[PDB]
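To start, the structure under review is shown below, and the notes come after it.
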Ligand code: NA
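The following block contains the structure:
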């Protein structure tokens, strides 16, 4: 997250860190959202590589013992069947991870609430991106979980020629694009939390930013629109 602020450690209890085994260690690669005690929602492109993955819930500082973490292996990966790794702009950048164990819920570990199917945010709706991704374009990962306020940019604006044009689809949500705050590498797969009728819900799964940089004016961060995939998510969970 570029231009973020440190999150309070109990603000976003559905945020997870997706990590891969790297020699004798584990390395953060992506975010995700805990949606059942044994299921995580992330981006498909985060699980393209043939790596060994684990999820960490209750994480705040990647590089220090928080006293709150639970570490769980990933047992099964279900990527959306229309996902094409040659074509992130086509959409379908979503995957569900079944965990090897069910995690225990507490003030640091909670299920993300998802929007009702078909819900579309009004332009300029209040949202936060969260994650441990790069804090500057071509920078380094944050140590502590970051948040940035990214108001939505509706489809009519986002798909206009000076924004994303045809690259953004109606199955996506765009947020930000002010040139100062954005998602960045390492934030992919994590949540966009939007305040609706008094309650934060996870409306987006972080999918892509510009190849010209993370925080680029009129290139808002692009998220998979969770409300387009409610039936898919429920179908996968019910059949696994
Ligand atoms: Na930690």
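Residue numbers (mature numbering (1 follows the signal peptide of the UniProt record, and there is no 0)): 11 to 250. Where a beta carbon is used, it is the ideal one built from N, C-alpha and C, also for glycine.
DSSP beta-bridge partners of residue i
| i | result |
| --- | --- |
| residue 38 | 29 |
| residue 201 | 215 |
| residue 140 | 157 |
| residue 185 | 162, 231 |
| residue 109 | 84 |
| residue 126 | DSSP output for residue 126 lists no bridge partner at all. |
| residue 15 | 157 |
Supposed close pair residue i, residue j - CB separation, criterion 8 Å
| i | j | result |
| --- | --- | --- |
| residue 184 | residue 219 | 11 Å between Cβ atoms; not a contact. |
| residue 225 | residue 12 | 4 Å |
| residue 215 | residue 234 | 4 Å |
| residue 87 | residue 105 | 6 Å |
8 Å Cβ shell around residue i - same chain, five flanking residues per side excluded
| i | result |
| --- | --- |
| residue 29 | 36, 37, 38, 39, 63, 64, 65, 66 |
| residue 73 | 153 |
| residue 20 | 117, 118 |
Own chain partners of residue i with C-beta closer than 7 Å, once the 5 adjacent residues on each side are dropped
| i | result |
| --- | --- |
| residue 128 | 237 |
| residue 95 | 55, 58 |
Reduced DSSP secondary structure (H/G/I, E/B, other) of residue i
| i | result |
| --- | --- |
| residue 78 | coil |
| residue 210 | strand |
| residue 104 | coil |
| residue 193 | coil |
| residue 299 | Shown here, the chain extends from 11 to 250; a query on residue 299 therefore has no answer. |
| residue 49 | strand |
| residue 178 | coil |
Residues near residue i by beta carbon distance below 6 Å, same chain, minus five either side
| i | result |
| --- | --- |
| residue 93 | 54, 102 |
| residue 123 | 211 |
| residue 156 | 11, 14 |
| residue 47 | 112, 113 |
| residue 78 | 68, 118 |
| residue 164 | 133 |
Rounded separation between residue i and residue j - CA only
| i | j | result |
| --- | --- | --- |
| residue 136 | residue 110 | 35 Å |
| residue 230 | residue 194 | 11 Å |
| residue 132 | residue 179 | 16 Å |
| residue 83 | residue 171 | 43 Å |
| residue 158 | residue 142 | 11 Å |
| residue 100 | residue 120 | 31 Å |
| residue 286 | residue 34 | The structure shown has nothing for residue 286, since the chain only spans 11 to 250. |
| residue 199 | residue 207 | 25 Å |
| residue 70 | residue 76 | 7 Å |
| residue 189 | residue 25 | 25 Å |
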